[PDB]
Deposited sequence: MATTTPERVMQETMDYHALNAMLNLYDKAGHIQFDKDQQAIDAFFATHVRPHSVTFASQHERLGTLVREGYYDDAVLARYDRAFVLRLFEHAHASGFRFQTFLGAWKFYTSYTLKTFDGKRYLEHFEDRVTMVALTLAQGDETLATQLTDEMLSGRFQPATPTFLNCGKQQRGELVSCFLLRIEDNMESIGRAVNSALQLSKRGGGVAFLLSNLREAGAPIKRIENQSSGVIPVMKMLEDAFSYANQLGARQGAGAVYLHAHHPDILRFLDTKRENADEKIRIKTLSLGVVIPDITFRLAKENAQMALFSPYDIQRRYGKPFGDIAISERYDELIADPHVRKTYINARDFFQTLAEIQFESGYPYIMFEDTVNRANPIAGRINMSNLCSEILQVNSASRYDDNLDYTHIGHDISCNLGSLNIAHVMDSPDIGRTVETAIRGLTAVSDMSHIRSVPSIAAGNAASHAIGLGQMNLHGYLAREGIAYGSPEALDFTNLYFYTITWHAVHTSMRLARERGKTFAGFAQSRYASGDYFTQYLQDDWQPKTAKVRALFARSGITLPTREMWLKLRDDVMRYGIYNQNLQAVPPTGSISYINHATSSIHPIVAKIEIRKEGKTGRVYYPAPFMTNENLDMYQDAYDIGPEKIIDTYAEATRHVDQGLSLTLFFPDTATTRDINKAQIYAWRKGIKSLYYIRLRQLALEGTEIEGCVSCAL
């Protein structure tokens, strides 16, 4: 019966009673291992000899093993293979062997299995610490923690790409900066990519140059340039963010219209827009939108457009005659916005006042990343004519990992679970040295920002018989994130003691003063529901209490924190299939997801814990709709210091107004940002 594809395909059939036949997927795993994995895996007389061979023939990096006693290494591997790990789905297994595990240089045999890859990851992150390493191994094999693909994929390998592949850069209003950006785009893209540029500081189309009254091609030409950079370095991708109140806003959005011109046509780059609070109020009362000149604003306040608070100074700015102001219709802005999103899925939205109002770090937040999940502060750089740095500013980069909620709730020692992931991601940052872009490097060194995310929320809720979006769900979500947060700040606090240093700028932060905690010292803490009350109960998990916050608040005000930023909820792409989770805290996109991969062209993927006796608990995001989704992310947004990738799923019948209403709701509810607008499918 050894066709694994056909077996998998069986997941795509319903019996006269609309039931699936889930066992067939297991059979497909089995036949996969028997007909393909085993027959093409390389097995050694022993671990010792294996590590020997792999180092010798150039596959594994001895440098990583050299930080441990060989005996320890051999033990850890064995412990790993004895955990009794199993892939839960054909896709997970297939995805791991086809694109994660290590193969021979000629691509014909496999040199690694799950526990192996895991082990090496653990060894790399723990960098000498045996306990840590062991903990990493356990966390990963239990399915509890699951680092982002760029980490899980390269750790320990000799031929590896970077561990960090997510960057946010500023551009300053001058050729030096622009030239650097293009260069940074080349350098980064050329290995992993995932780069976003802020364009808000650039002078508008028409602004003067060198005293000559009307010369400025605007941001478009700058975009075209990035677009080509990215294209040339083939892999990586780019995004640009522009403030809503920027004079080029409309032509900026027009680039993503099928029907416009050739040099107002950016096909690859992703767009993102920053929208402050007022522009909402203006549209409410059908007023005009004032677009301010970044050129004038600079000369008149000594700060770039992107470093000032538009909303706060909206009036002050309008009254100032020195600032040229052009106008457009607020409502029309949101109109074209929805129209573009409607066709391309973009832009992204970054709710500038909501974000800065929550931002505990000194400074402002003016952009976001390619997945609209990262939110940190940055600072300008200054260059010499020869392009040498004169002052190295701070740009942003971050590594990610997330832990499977379900599995977390299936283990009493949550504190350990969180401390370990945080330690591991922290190690990722510590080991990062992106020298090709000094600001990126400098930035990482001064902040140690990491992003610990969550996934499998829907999968969890389903299992425990809770409907997505319901009041119980909303209550879990809130308390669960309430918790994770505690253990993280705690962990980061501890780290600060051990390393005897905090993140740069800690002193000016909110953590230092204690304001960060006011929220957790007031009540709305305990369970709105009873079921939820019992879930944490049955779990052994202990919801942090006033005393515990009060305590942490003192340990934090005194010892500090290591990481400037801890949490962040990006979309879990393929790592989620190997971990067998529903992609983040958003409902499943389908009961049986279909991917276009392999000889068959199709590969099917059933959701976690889903059986023919609870299908009614697995409703797709389209069915659940945006309201319930938004509502969920909101409970989380209260705690996650960074941000979460939020995609709305709309029917194909939906209208721009529908979209627009979802967005307003989002704004109204506290959402820090929005990702795509996925209209219906093929």
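Counting the deposited sequence from 1, the stretches lacking C-alpha coordinates are 1-12, 247-251, 700-714.
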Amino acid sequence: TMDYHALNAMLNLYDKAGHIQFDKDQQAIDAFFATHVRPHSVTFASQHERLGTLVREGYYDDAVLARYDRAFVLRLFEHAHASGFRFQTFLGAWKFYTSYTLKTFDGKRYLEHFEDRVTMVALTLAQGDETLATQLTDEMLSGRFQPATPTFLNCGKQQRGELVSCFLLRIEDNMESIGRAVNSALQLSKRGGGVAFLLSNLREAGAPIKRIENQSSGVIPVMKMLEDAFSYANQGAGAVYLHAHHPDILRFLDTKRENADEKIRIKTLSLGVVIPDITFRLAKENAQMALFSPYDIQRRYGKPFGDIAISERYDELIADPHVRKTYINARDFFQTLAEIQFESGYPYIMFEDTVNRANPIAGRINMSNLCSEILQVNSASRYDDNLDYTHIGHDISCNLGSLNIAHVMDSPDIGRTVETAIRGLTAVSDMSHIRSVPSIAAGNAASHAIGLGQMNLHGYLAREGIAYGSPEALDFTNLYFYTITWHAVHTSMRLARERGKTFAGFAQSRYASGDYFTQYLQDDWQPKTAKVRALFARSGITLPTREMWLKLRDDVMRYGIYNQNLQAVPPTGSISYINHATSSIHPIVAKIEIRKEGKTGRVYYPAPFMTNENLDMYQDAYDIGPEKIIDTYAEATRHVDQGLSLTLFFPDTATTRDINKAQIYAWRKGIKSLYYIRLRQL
From here on, numbers count along this sequence of modelled residues.
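Looking at 110-118 and 277-285 together, the entry lists the larger mean B-factor for 277-285, computed on C-alpha atoms. Between the stretches 587-595 and 529-537, it is 529-537 that shows the larger average CA temperature factor. Sorting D395, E139, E204, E176 by the CA temperature factor given in the entry leaves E204 at the top. Comparing the C-alpha B-factors of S368, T518, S429, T101 in the entry, the top value falls on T518. The PDB entry assigns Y605 a C-alpha temperature factor belonging to the lowest third of its chain's modelled residues. In the PDB entry, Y577 places in the middle third of its chain by CA B-factor. Placement of the Cα temperature factor of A441 within the chain: lowest third of the modelled residues, per the deposited record. When the modelled residues of the chain are ordered by their C-alpha B factor, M617 lands in the highest third. Annotation for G306: C-alpha temperature factor in the highest third relative to the rest of the modelled chain, per the entry.
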